[PDB]
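Chain and residue survey
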Amino acid sequence: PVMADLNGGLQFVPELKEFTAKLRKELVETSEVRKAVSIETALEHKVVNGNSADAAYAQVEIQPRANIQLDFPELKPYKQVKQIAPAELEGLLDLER
Amino acid sequence: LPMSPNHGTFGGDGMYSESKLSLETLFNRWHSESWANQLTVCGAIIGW
Amino acid sequence: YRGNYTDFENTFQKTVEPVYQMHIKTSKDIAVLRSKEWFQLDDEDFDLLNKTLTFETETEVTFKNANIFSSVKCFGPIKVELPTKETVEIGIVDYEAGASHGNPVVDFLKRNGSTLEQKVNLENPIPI
Amino acid sequence: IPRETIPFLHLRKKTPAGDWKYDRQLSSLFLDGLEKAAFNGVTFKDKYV
């Protein structure tokens, strides 16, 4: 029987549970203080500096509407057209048939 | 065998750690019983 | 004096804001408070965690236009509850702004606190 | 593999004492395999899984 350690050294880091948990807390806290401080400095601005001066500063999003199309076929410039078929073809065919 | 390096190291596995630790008896059962020509055990300790 | 005045140049108003109580429960709570420049306590090292703060504020304002303020001062002591439920001065609210439009300090405390109203009503009015 | 260094991937060998410690030989068999598989690839022709 073979036993393969495919655990990239995690074995060695001590108190792995608590260590793990700390990283998570430090991250999550840093996120929530940073987002809570910004949401308050942002309201302080709307108070001190009016909400009508900040209202003419947001942009307007535009939302798409449906433009169903008949989808006619595309007609190329004649220059390119004559490149497709042999030049001999011009007027060879009775287009009535 | 999908083995684990962390037998109830972390919080509430449910009964995961128990399942994953039990597997490790095959490293001996291979020798002590009689299926050695039908199966071979290869225990992988899957990491992060 | 009834009538139409533009006397702005000579117009001011001082109001005594109600006491705002704030229950510092979490760690981000204390972070947001330290974020504001007007939150100014004596020992910055004070352990706000799990205490109760009160904000006894006076805001002094001077008009310069119809709606726009010329200047906005807002000051008062910050206090902490003791086990005895006494309140001790911890620091200061010290806000100052020209060309303001509103009072940021009071708005903050409004939304982020409760307003202690030294006014208690009976169950039913009792005619005398 | 340095002397006195256990690779991030390794094989283990059960001591008669009963513990599963790092065996440098086995781990070399394994890591060399991995290398050879990175450069040539491995076939699994005829393997039923």
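As recorded in the entry header, the structure was determined using X-ray crystallography to a resolution of 4.000 Å.

Going by what the PDB entry lists, chain B is known as Fatty acid synthase subunit alpha and is assigned to Saccharomyces cerevisiae. Here the PDB entry title reads "Saccharomyces cerevisiae FAS type I".

Chain A goes by Fatty acid synthase subunit alpha in the PDB entry, where it is assigned to Saccharomyces cerevisiae.

Quick look at the overall build of chain A now. The secondary structure content of chain A amounts to two helices and one strand. Starting at the N terminus and ending at the C terminus, chain A contains elements arranged as β-α-α. Here the C-alpha atoms of chain A give a radius of gyration of 35 Å, more than 25% beyond the 13 Å that 2.2 N^0.38 yields for 97 residues. Principal axes of the C-alpha set define a box for chain A whose edges measure 90 × 75 × 25 Å. Each of the 97 residues in chain A was classed as buried or not, and the buried ones make up 11%. Carbon and sulfur atoms make up 57% of the accessible area of chain A, which amounts to about 9100 Å² in all. The positive charge centre, built from 12 side chains, and the negative charge centre, built from 16, are 1 Å apart in chain A.

Once that is clear, we can look at the pattern of salt bridges. Opposite charge on two side chains permits pairing when their charged atoms draw close. If you walk through the whole model with that rule in mind, you get eight salt bridges over all chains. Bridged by salt links that share partners, the residues A:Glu40, C:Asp107 and C:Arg111 form one connected network.

As a further point, take a negative patch on the surface. On the surface, C:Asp42, C:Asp43, C:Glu44, C:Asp45 and C:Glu89 cluster together into a patch of negative charge. Mapped onto the elements, C:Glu44 comes out in the loop between β2 (39-41) and β3 (52-63).

Before going further, it helps to examine the packing of helix α1 (residues 16-48) of chain A against helix α2 (residues 104-111) of chain C. A pair of packed helices is characterised by two quantities: the angle between their axes and the separation of those axes. Here α1(A) crosses α2(C) at 130°, and the two axes come no closer than 9 Å. Classed by the angle they form, the pair α1(A) and α2(C) counts as oblique. α1(A) and α2(C) meet at a crossing whose hand is right-handed. Between α1(A), through A:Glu40, A:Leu43, A:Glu44, A:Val47 and A:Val48, and α2(C), the contact on the second element is made entirely by C:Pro104, C:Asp107, C:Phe108 and C:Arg111. When grouped by side-chain class, the residues that make up the contact of α1(A) with α2(C) number five nonpolar, no polar and four charged.

Another point: the nonpolar core. Within the largest apolar cluster, 28 residues are counted, with the highest numbers of intra-cluster contacts made by C:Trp38, C:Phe39, C:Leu53 and C:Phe55. When contributions to this core are tallied by element, the ones reaching two or more residues are α1 of chain A together with β1 (12-23), α1 (27-35), β2, β3, β4 (69-81), β5 (87-98) and α2 of chain C. The element contributing the most residues to this core is β4(C), with five residues. In this structure, A:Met3, B:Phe27, B:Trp30 and B:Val41 belong to the second largest nonpolar core, which totals six residues.

This brings us to the packing of aromatic side chains. Each aromatic ring pair is summarised here by two numbers: the centre-to-centre distance and the angle between the ring planes. All names here are of chain C. Applying the stated criterion across every chain, the model contains six aromatic pairs over all chains. Between the aromatic rings of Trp-38 and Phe-39, the centroid separation amounts to 6.3 Å while the plane-to-plane angle is 70°, which identifies the pairing as edge-to-face. Taking the centre distance of 5.6 Å and the plane angle of 55° together, the rings of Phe-63 and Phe-69 count as tilted. Judged by relative accessible area, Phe-63 falls into the partly exposed class, the value being 22%.

All names here are of chain C. Spatially, the six strands line up as an open sheet ordered β2-β5-β4-β3-β1-β6, and their pairing is antiparallel. Edge strands, defined here as strands with exactly one partner in the open sheet, are β2 and β6 (114-116). Looking at each pair of strands side by side, their axes are set apart by 30° on average, direction ignored. Note that β3 and β4 share nine bridges and pair antiparallel. In the strand pairing of β4, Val-61 is matched with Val-72. α2 rests against β1, β3, β4 and β5 of the sheet, and its axis sits at about 30° to β1.

A cluster of nonpolar side chains, A:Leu6, D:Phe8, D:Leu9 and D:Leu34, forms an exposed patch at the surface whose accessible area comes to about 340 Å². Mapped onto the fold, A:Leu6 is located in strand β1 (residues 2-6).

This part covers the interface of chain A and chain B. Taken together, the contact pairs 11 residues of chain A with 16 residues of chain B. Across the chain A to chain B interface the summed buried area is about 1200 Å²; carbon plus sulfur atoms make up 72%. Elements that contribute at least two residues to the side of chain A that touches chain B include exactly β1 and α1 of chain A. For the side of chain A that touches chain B, the per-class residue count stands at seven nonpolar, two polar and two charged. Strand direction decides the pairing type here: β1(A) and strand β2 (residues 42-46) of chain B, joined by five bridges, are parallel. Across the sheet, the residue bridging to A:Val2 is B:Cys42, located in β2(B).

About the cut-offs
Residues numbered from 1 in each chain as written, not as in the entry; some residues may be left out. Chains lettered and ligands numbered in written order. Part of a larger assembly, values for the part shown. Heavy atoms only, no water. Helix = DSSP H or I, 4+ residues; strand = E, 2+ residues; numbered from the N terminus. Rg over C-alpha atoms; globule rule 2.2 N^0.38 Å. Buried < 20%, exposed > 50% of the residue type's maximum accessible area, 1.4 Å probe, protein only. Areas by Shrake-Rupley, 256 points an atom, 1.4 Å probe, with all protein chains shown as cover. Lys, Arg positive; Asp, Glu negative; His and termini not counted. Charge placed at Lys NZ, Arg CZ, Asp CG, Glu CD. Salt bridge = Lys/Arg side-chain N within 4 Å of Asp/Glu carboxyl O. Patch = residues over 30% accessible without salt bridge, like charges linked within 9 Å, V, L, I, M, F, W, Y side chains within 5 Å. Axes fitted to C-alpha atoms, helices over the stretch in contact; angles between N-to-C directions. Parallel < 35°, antiparallel > 145°, perpendicular 65-115°, else oblique. Left-handed = near helix turned anticlockwise from the far one by under 90°. Contact = heavy atoms within 4.5 Å. Nonpolar A, V, L, I, M, F, W, Y, C, P; charged D, E, K, R; others polar. Core = buried A, V, L, I, M, F, W, Y, C linked by side-chain atoms within 4.5 Å. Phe/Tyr/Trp six-rings, centres within 6.5 Å; stacked < 30°, edge-to-face > 60°. Pairing = 2+ DSSP bridges. Buried area = accessible area lost by both parts, 1.4 Å probe.

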